[PDB]
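Residue numbers (PDB author numbering): 0 to 481. Even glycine gets a Cβ: it sits at the ideal position worked out from N, Cα and C.
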Amino acid sequence: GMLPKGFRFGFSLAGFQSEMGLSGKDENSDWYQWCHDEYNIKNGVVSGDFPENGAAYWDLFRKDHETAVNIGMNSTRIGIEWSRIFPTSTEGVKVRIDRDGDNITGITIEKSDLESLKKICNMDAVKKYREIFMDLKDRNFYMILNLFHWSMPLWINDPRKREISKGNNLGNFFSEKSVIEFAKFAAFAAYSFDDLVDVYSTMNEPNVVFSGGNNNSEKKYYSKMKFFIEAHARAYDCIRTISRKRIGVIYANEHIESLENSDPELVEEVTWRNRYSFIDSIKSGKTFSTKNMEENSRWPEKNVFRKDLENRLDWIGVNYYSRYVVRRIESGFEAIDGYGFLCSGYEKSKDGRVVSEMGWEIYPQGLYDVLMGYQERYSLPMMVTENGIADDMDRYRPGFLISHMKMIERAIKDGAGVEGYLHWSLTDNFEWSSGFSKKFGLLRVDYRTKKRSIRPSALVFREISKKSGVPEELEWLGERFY
């Protein structure tokens, strides 16, 4: 047993991606409308697949939980859906919002506010989520409750009203109005589920959202990202008022590199822009300011301390899939096709590495490098909350799982405080704009019958969890991908 005893093995799940399929259809999300959009389908922006024809976890969760146990899983991260719990607006519940100029420095939810929020919530969704969380506790599951996962209620963001003349963007980013209602949602979820969860995550991969729709404007990027910082910190405070349990965030960690390691300073710049600028703000309170940016300037006013953002991060959820190689541009930087996530039309990467069915280069070395950078900068408890591959025939996933687990074992031995591993997709599910054709699951799903089928990777997973690490007789599987 290489990994420490108690190391968590499990799976991550997004509500929107896995819930619908049989009962409990939710048409009240902006992502649901994004997938049913006429322009988006005709112009190839989305696949035309529909989320309501999905894995039906809303009804089959007991079956999936037992299967998770049977393959050696003892933990999970489940994402609840804001659009399910509050189908209608919560703006009518007036709470206290403190502001220092444009800084949202505080939101306070009282017990009577929680009762008023319960009156307008969807009690059917709360009860079902409690049923899901109670079944997980019945099977001794360490439970990570993730509040937000990209999709928003239509009364928060409605893409149907948008006009394509001003850019075809989903628009699921935070404003001051959104932050206030998000704090009420965070408080209510802790008020509703705290006795059934272990830790909290305020949001999943917020950088995927605030990195888009900026028209290459760095000012719009840092300005939009500030609201996500405040969405996280205010969610943290409102949960902490109710719960004594730990609250963190789940981040998307593309491993930023330069070509043949020839530009260490550029990597430091982009790694700060894409990652540390956000985590620094909610961990130590050292954020930035957009007040003095001209529209064409690249960098923010740094060292802007905020006492209301300080110490609002208890743990870091590390999502990793591939790397991200960049070069210098007069504007700043650009990514290089043929490496990392930009391998769609590629057979092998420009480095000669295997490319997934999403067009993603397999690069387990980035996971170790991402974990070490997080450890060196923050020394916070960490959890690999997502890691997987689109692999219908399970050709690479066995070796993909082994090589990335070896990188976690090395990171731990090198000082990284990694407490568990959550593989992405226990079952195949709805992969956003790509639809159902991208199979990330350890279990394959027949979307007509909803039956789940074992891929051999699920059995390799059970062996890794049984042995508390990669046994020597399974190490050969990862050698192709180093």
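Can you tell me where the beta strand (DSSP E) holding residue i begins and where it ends?
i           : result
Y373        : Here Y373 belongs to no beta strand (DSSP E); instead the alpha helix (DSSP H) covers 364-377.
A251        : 246-251
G14         : First-last for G14: 14-17, but that is the alpha helix (DSSP H), not the beta strand (DSSP E).
residue 506 : An answer regarding residue 506 cannot be provided, because it is not within the stretch 0 to 481 covered by the chain.
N318        : 315-318
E256        : 254-257
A389        : That residue, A389, is in no beta strand (DSSP E); it is neither H nor E in DSSP.
Roughly how many whole angstroms lie between the Cα atoms of residue i and residue j?
i    : j    : result
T240 : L144 : 17 angstroms
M406 : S467 : 14 angstroms
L458 : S433 : 27 angstroms
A415 : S378 : 8 angstroms
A232 : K118 : 26 angstroms
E180 : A189 : 14 angstroms
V68  : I401 : 20 angstroms
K437 : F429 : 8 angstroms
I70  : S280 : 38 angstroms
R305 : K285 : 7 angstroms
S452 : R61  : 16 angstroms
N39  : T66  : 36 angstroms
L12  : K165 : 33 angstroms
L258 : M404 : 25 angstroms
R409 : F10  : 21 angstroms
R443 : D427 : 6 angstroms
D63  : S261 : 47 angstroms
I246 : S200 : 6 angstroms
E462 : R76  : 21 angstroms
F435 : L441 : 15 angstroms
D29  : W149 : 9 angstroms
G78  : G14  : 5 angstroms
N27  : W154 : 8 angstroms
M72  : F140 : 8 angstroms
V303 : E309 : 12 angstroms
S115 : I249 : 30 angstroms
Is it buried or exposed, residue i, if we count other Cβ atoms within 10 angstroms and call 16 or more buried?
i    : result
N171 : buried
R159 : exposed
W359 : buried
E471 : exposed
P3   : exposed
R272 : buried
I315 : buried
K347 : exposed
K41  : exposed
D236 : buried
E18  : buried
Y338 : buried
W33  : buried
Considering only C-alpha positions, which residue in the set the options is nearest to residue i?
i    : options                : result
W431 : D101, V208, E418       : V208
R297 : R394, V383, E217       : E217
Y362 : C342, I463, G372       : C342
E385 : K301, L441, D123, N318 : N318
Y323 : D393, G365, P86        : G365
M357 : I388, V303, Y338       : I388
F85  : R443, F184, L441, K450 : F184
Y56  : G23, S88, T75          : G23
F227 : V196, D262, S174, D193 : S174
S88  : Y128, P205, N156       : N156
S222 : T289, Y250, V269       : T289
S355 : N310, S283, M392       : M392
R243 : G20, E293, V196        : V196
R98  : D25, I106, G351        : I106
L21  : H35, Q32, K93, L59     : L59
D123 : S111, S191, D137       : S191
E51  : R447, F460, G477, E130 : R447
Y373 : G43, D390, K282, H35   : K282
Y128 : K412, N252, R83, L473  : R83
Indicate, with yes or no, if the ligand PLP has a heavy atom lying under 7 angstroms from the CB of residue i.
i    : result
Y367 : As presented, the structure is devoid of all ligands, the ligand PLP included, so that no description of it is given.
So the alpha helix (DSSP H) residue i belongs to, where does it begin and stop?
i    : result
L2   : Note, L2: premise wrong, no alpha helix (DSSP H); not H, not E.
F439 : First-last for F439: undefined, no H or E at that position.
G398 : 396-412
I84  : 81-84
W423 : Looking at the DSSP string, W423 is not in any alpha helix (DSSP H); the run it does join, the beta strand (DSSP E), is 417-423.
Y323 : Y323 -> not in any alpha helix (DSSP H); beta strand (DSSP E) instead, spanning 322-328.
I40  : 37-41
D29  : 29-34
Can you give, in chain order, each stretch of the beta strand (DSSP E) that sits fully within the stretch 136-221 and has at least 3 residues? 141-147, 198-203
Taking only runs of the beta strand (DSSP E) that begin and end inside the stretch 262-307, which ones reach a length of at least 3 residues, in chain order? 283-288
Residue ranges of each alpha helix (DSSP H) within the stretch 90-122, 4 or longer: 110-119
So within the stretch 43-70, which uninterrupted alpha helix (DSSP H) runs reach at least 4 residues, ignoring any that extend past its ends? 56-69
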